[PDB]
Every structure is written in structure tokens, then in C-alpha cells.
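Reckoned from all heavy atoms, side chains included, excluding hydrogens, waters and symmetry mates. Numbering starts at 1 and runs along the sequence shown.
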Amino acid sequence: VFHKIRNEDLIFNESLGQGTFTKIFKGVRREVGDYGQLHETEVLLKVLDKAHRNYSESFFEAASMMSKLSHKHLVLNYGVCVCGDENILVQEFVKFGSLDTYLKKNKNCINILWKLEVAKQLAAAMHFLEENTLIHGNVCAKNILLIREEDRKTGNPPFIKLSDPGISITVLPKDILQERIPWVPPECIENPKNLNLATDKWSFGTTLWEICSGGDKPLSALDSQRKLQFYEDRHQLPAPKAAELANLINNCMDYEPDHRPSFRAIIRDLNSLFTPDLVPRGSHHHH
Ligand SMILES: Nc1nc(Nc2ccc3c(c2)CC[C@@H](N2CCCC2)CC3)nn1-c1cc2c(nn1)-c1ccccc1CCC2
């Protein structure tokens, strides 16, 4: 049972963007808070598109996953609005918005440690889900939200959260799934109901690619037919210049689901990259 928030206690402000079958708005919620004090809080209002109301059950059940879990890297739910004929979730408003937009705007000022920190934080969230045997199913840079920017005055890192997964791929049309290549793994295009924990390891690889590519969208130049063919031909994404991160991307985007690495191993690989290696590559041989 979601906490029910009266529409009279919600003010809908600017559009903040859109997801699959959804639109998001910035809102203000009026509530009685701790100590009976009336407060106003910024909120995210996520509205299921009128043209997609048949997915309402999957829309709410996906958000309920994050009501049952509490973790510092997971977006908070506040409740649902009794907004008449509208299916509307009231969630935490993350100040700096989605990571894909942020990476694109700030691609000049983001260094490798920033990227490693964000990737390690996402891997920490995903290890928590893995340990709970829960499948997200929609890991992408758009669904990663930036709580706080890096503070170069102190060395403090950025801080991210992962959003709820939205409507499950298990109910989505094939045409939608094809457009979601290469986030949706190859085995889930024809049979999305076969998704498993290995699904999220593939998508994590794609998301790490996004992080390393300044918010480019992989394979955006390929139409749906050519995206399908990319999987038929067993291609990998183009390597970022950071070779060790290219290796991790590709290890996660293994066409064999059972060979994709655990999130514990992913975290280990990321952690190792924080320590500089000043020995020239290939020094085991003398010329
Ligand atoms: N929680 C949650 N806060 C937020 N803040 C947010 C979103 C957009 C902006 C801002 C904040 C302000 C910053 C602005 N910049 C621009 C440059 C300077 C300032 C950018 C605008 N966005 N956001 C969320 C976002 C999504 C899903 N969920 N939440 C989502 C999850 C699953 C399925 C579908 C969706 C819907 C779309 C993605």
C-alpha cells in the first residue's frame, strides 16, 4: 500500500523530461512533517502517459520495488497521488537530474576519477540488488540521477542514485525492446520473460559505456533493423580510450549470460583502477 498523497497537497510545475510511456514534472508537496510542522518539499511527479495506461500495474509494481528496499544509492518513493484518472508517483527530486544529460553538458570537465566513482557507486547499488536477488531491468544513464556534484574544493566525489526500473521489459512490445538495444541484452529481445540477474550485468556494461562516452547513445545511428543485426553479428561496442574500462564493458556485455561477472567482481575491477599503475604496459618483455 503506497502512502496516498492528496492532489490538493500537490502543485505540478515544470516538465523535466520523459521516459518510456511516462512524463516527469517538478512539483511541490505540502505535508505535515515531523513534529506536526507544515512543510513544503520539492518532489518528482512521474505520470504514466494516457496512451499507456494499460501498463499501470507494472508501472506501480516497479516503483514498489524501491519502497521495499532502503539503500543510499536508490531513489526514494514518497507515495501515489489520488489524481483522479491519472496514475502518478511522487518521488524524490534529485537536484542535478539524469546522468546522461549531465555527462553531455559537462563532458569537458569530467575526469577519470569522476567516472570511476560514479561507476563504483552504480556497481554498489547493483551488488545490493544482486544480493537481494532482485532484477532492475532498466539500468541506463538516464535512470541514474546526480544528487551532488564533485567538490573540487575538498576532493569530495559526486553522488548518484539509481531510479526505479519503470515498466518491465517482460510486458513491453517487441518494437520497444528493439529500440532499447544495446541496453536490453540479446537473449531478452525475443524472450524478455527469460530475464534474470545476468540481464542487469549486460545493461551495466552499456551504462558504463555511456559514462565513458560523454553521454553518447551507443548505436544511435543504427535503425532498429541494424540494431538487431548488430546482435546477430555478435558485435561489441566501440572501445573507450580507457582500455581497462573498455575491457570491463566488454566483459559485462558477454553474449553468454552465464559468463557475465558478479557485481562483487565488477567492484573489485573498478576499485583496482583507482590506484595508478606507473609501470609501462608490457614491461614483462624486454623490447
Ligand atoms: N527522481 C528524479 N529526480 C529527477 N530530477 C531532475 C530531472 C531533470 C532535471 C532536473 C532534475 C534539474 C536539473 C537540470 N539541469 C539541467 C542543466 C542544469 C540543470 C535538468 C532537468 N529526475 N528524476 C527521475 C528521472 C527519470 C526517472 N525517475 N526519476 C524515471 C525512472 C524510470 C522510468 C522513467 C523515468 C522518467 C525519466 C527519467
Task: For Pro192 against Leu177, the heavy-atom pair lying closest together - done: CG-CD1, 3.7 Å
Open item on the list: Walk me through whether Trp183 and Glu210 qualify under side chain to side chain donor-acceptor pair (under 3.5 Å).
Closed with: CA-CA 10 Å; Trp183 291 271; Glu210 292 183 276; 2.8 Å; yes
Task: Members sharing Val82's hydrophobic cluster (side chains within less than 4.5 Å) - done: none
Open item on the list: So, using salt bridge (charged side-chain N to carboxylate O under 4.0 Å, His left out) as the criterion, who are the partners of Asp151 when residues are at least two apart?
Closed with: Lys153
TODO: Considering non-hydrogen atoms only, spot the tightest contact between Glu86 and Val47 and give its length.
DONE: OE1-CG1, 3.6 Å
Task: Pairing residues for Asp164 by the salt bridge (charged side-chain N to carboxylate O under 4.0 Å, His left out) criterion, not counting sequence neighbours - done: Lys46
Open item on the list: How close do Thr20 and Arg180 get, counting heavy atoms only, and between which atoms?
Closed with: OG1-NH2, 3.1 Å
- [ ] Ignoring hydrogens and angles, state whether a donor on the side chain of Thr101 or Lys105 is under 3.5 Å from an acceptor on the partner side chain.
- [x] no
Task: Those residues that, when tested against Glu131, pass salt bridge (charged side-chain N to carboxylate O under 4.0 Å, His left out) (two or more places apart) - done: none
Task: Backbone of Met253 reached by a side-chain donor or acceptor of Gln236 within 3.5 Å - done: yes
- [ ] Sequence neighbours left out, what passes salt bridge (charged side-chain N to carboxylate O under 4.0 Å, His left out) with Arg152? Give chain and number order.
- [x] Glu150
Task: Side-chain touch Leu134/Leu197, heavy atoms, less than 4.5 angstrom - done: no
Open item on the list: Suppose clustering is done on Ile, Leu, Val, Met, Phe, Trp and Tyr with side-chain heavy atoms closer than 4.5 Å. Which residues sit in the same group as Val75?
Closed with: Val94, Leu145, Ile147, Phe159
Task: Counterpart residues, ring pair (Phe, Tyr, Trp, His ring centres under 6.0 Å), relative to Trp202 (two or more places apart) - done: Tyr231, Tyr255
Do any side-chain atoms of residues 135-144 form donor-acceptor pairs under 3.5 angstrom with protein atoms, and if so which ones, sequence neighbours left out?
| unit_1 | atom_1 | unit_2 | atom_2 | d |
| --- | --- | --- | --- | --- |
| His136 | ND1 | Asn138 | N | 3.0 |
| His136 | NE2 | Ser163 | O | 2.8 |
| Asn138 | ND2 | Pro165 | O | 3.1 |
| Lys142 | NZ | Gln18 | O | 2.6 |
| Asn143 | ND2 | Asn138 | O | 2.9 |

TODO: State which residue, out of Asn77, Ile5, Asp9, fulfils the side chain to side chain contact (heavy atoms under 4.5 Å, CB included) condition with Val90.
DONE: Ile5
- [ ] Would you mind checking if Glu42 and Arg29 are paired as a salt bridge, meaning a charged N to carboxylate O distance below 4.0 Å?
- [x] no
- [ ] Measure up the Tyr102 and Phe96 rings against each other and bin them: parallel (under 30°), tilted (30 to 60°), perpendicular (over 60°).
- [x] perpendicular
Open item on the list: Would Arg260 and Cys252 count as a side-chain contact (heavy atoms from CB on, under 4.5 Å) here? Give the steps.
Closed with: CA-CA 5 Å; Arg260 293 176 193 148; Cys252 289; 5.9 Å; no
Task: Salt bridge present between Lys201 and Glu130 (N-O < 4.0 angstrom) - done: yes
Open item on the list: I'd like to know whether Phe12 forms a side-chain contact (heavy atoms from CB on, under 4.5 Å) with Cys83, so could you lay out the CA-CA distance, the side-chain angles of the two residues, the decisive distance to 0.1 Å, and finally the verdict.
Closed with: CA-CA 11 Å; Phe12 284 66; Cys83 275; 4.1 Å; yes
Open item on the list: To the closest 0.5 Å, what do you measure between OG (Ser203) and CG (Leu208)?
Closed with: 12.5 Å
Task: Sidechain-backbone polar pair: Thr199 side chain, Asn196 backbone, donor-acceptor under 3.5 Å - done: yes
Open item on the list: Do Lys161 and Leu76 have side chains that approach each other closer than 4.5 Å (heavy atoms only, starting at C-beta)?
Closed with: yes
Donor-acceptor pairs under 3.5 angstrom involving side-chain atoms of residues 119-128: please list them, not counting sequence neighbours.
| unit_1 | atom_1 | unit_2 | atom_2 | d |
| --- | --- | --- | --- | --- |
| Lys120 | NZ | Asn271 | OD1 | 2.6 |
| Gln121 | OE1 | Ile160 | N | 2.9 |
| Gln121 | NE2 | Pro158 | O | 2.9 |

- [ ] Locate the shortest heavy-atom distance separating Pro218 from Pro182; write the atom from each residue and the value.
- [x] O-CD, 3.6 Å
Open item on the list: Which residues end up grouped with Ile267 if you chain together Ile, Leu, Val, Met, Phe, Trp and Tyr wherever their side-chain heavy atoms are less than 4.5 Å apart?
Closed with: none
TODO: Using modelled atom types only, decide if a donor and an acceptor are shared between the side chain of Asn111 and the backbone of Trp114 within a distance under 3.5 Å.
DONE: yes
Open item on the list: Can you list everything that forms a side-chain hydrogen bond (donor to acceptor under 3.5 Å, both in side chains) with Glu117? Sequence neighbours excluded, please.
Closed with: none
Task: Heavy-atom side-chain contact between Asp233 and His235 under 4.5 Å - done: yes
Task: Residues clustering with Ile24 (ILVMFWY side chains joined when closer than 4.5 Å, directly or via others) - done: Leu16, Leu44, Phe93
- [ ] Locate the shortest heavy-atom distance separating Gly205 from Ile249; write the atom from each residue and the value.
- [x] O-CG2, 3.7 Å
